[PDB]
């Protein structure tokens, strides 16, 4: 029951961009497809997403723009799956672009990093069947 060009996996439909957008734009894009930026809640889901994105920085539906870490669909961050890269998240200001780092993305090895929301990265949308 996924739309055409979406990939079905464990009761979810995924769409993998082949272009980049700033996090807020990627967020708006997913919402307009009645979907959200991918919410990763298991090791199995992480591996599935990694397979399709490859070694490329890719936005996910996890951010801390208004304070504590939140998943875009309300999934609790504290008791949920996490796959941060060691020493991440670090809310780095050293990039000199203003602010810390408020948006999460999969890195080239799949592990997560918090980065500057304005960066154009590829993204993944997810909808639940």
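Positions refer to the first chain, counted from 1.
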Entry B factor averaged over C-alpha atoms, 81-89 against 100-108: higher for 81-89
Of 42-50 vs 56-64, the stretch with the larger average CA B-factor in the entry is 42-50
Just say lowest, middle or highest third for the CA B-factor of residue 113 relative to the other modelled residues in its chain. lowest
Within this chain's modelled residues, let me know which third the CA B factor of residue 119 belongs to: lowest, middle or highest. lowest
Chain-relative CA temperature factor third for residue 18: middle
